[PDB]
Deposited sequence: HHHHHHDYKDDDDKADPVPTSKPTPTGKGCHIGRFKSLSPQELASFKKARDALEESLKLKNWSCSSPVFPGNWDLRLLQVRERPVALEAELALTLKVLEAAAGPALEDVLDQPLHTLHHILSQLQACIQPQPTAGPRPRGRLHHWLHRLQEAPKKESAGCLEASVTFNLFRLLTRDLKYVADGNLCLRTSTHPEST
């Protein structure tokens, strides 16, 4: 699980991002993460795939947010996120469609349709649920 120090450093970054958002517009035209997003709604085999997609999007957005003003407070959080992503990718073994396909589609479209403010607010507010809830469900069925 995540150590107190990793979690303290995520909180500091999450709070700094929330602060910076008070001073920009970050309206979203569609929810970046679907409102019912929850890995427990997916088959065990599908969960790592969903988790990977939110993790990769989270990393890409926070790296682009990591300008000179925030690079210091985002450095530990990005390092931790990279390491989780690598551990996860190492364990991912590769006609109507269901929630997994719909959710990945929403994630994949978000960076093309939405403002940077929208993507930042969305991965920022999704961050602790990602770290504490989604990461936990996947680690039950690890493979």
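Where along the deposited sequence are residues missing from the model?
According to the record, the gaps fall at 1-36, 131-136, 186-196.
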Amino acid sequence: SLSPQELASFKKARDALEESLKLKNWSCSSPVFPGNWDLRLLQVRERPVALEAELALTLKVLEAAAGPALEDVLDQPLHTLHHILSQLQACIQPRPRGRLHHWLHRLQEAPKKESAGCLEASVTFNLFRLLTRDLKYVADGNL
From here on, numbers count along this sequence of modelled residues.
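Quick check on the record: does 31-39 or 84-92 carry the larger mean Cα temperature factor?
The stretch with the larger average C-alpha B-factor is 84-92.
Where do the C-alpha atoms have the higher mean temperature factor in this entry, in 114-122 or in 100-108?
Stretch with the higher mean C-alpha B-factor: 100-108.
Please work out which residue in 46, 75, 52, 63 has the highest C-alpha B-factor recorded for this crystal structure.
In this record, 46 carries the highest C-alpha B-factor of the candidates.
Against its chain's modelled residues, does residue 19's Cα B factor rank lowest, middle or highest third?
Ranked within chain, residue 19 CA B lands in the highest tercile.
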